[PDB]
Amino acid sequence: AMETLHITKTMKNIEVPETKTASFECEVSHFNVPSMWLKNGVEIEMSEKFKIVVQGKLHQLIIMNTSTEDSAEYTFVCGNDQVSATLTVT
């Protein structure tokens, strides 16, 4: 394809109190890119703890009922790009 896939905006680090919801969002250059999220470099295990949202080129990860266990670096991956930010559960 004419234009190369990349992740456009960067992602800010977030701090949330325990039990509150945390969200990460990023945007990509192309439609029809699948979401792929890592926690500390490893694919997140899908469960009712995580909501994955896509709207247009916006990809969101929603982390429910946070605990100190959720404090980590989260990464979105597509093509040859990736973007990371930290969650601190307070």
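Numbers for residues come from their place in the sequence shown, where the first is 1.
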Q. Going by the B-factors listed in the PDB entry, is the mean over the C-alpha atoms higher for 75-83 or for 12-20?
A. 12-20
Q) Going by the B-factors listed in the PDB entry, is the mean over the C-alpha atoms higher for 23-31 or for 41-49? A) 41-49
**Q.** Record-listed C-alpha B factor of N65: chain third
**A.** highest
Q: Select lowest, middle or highest to describe the third in which the CA B-factor of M2 falls within its chain in this entry.
A: highest
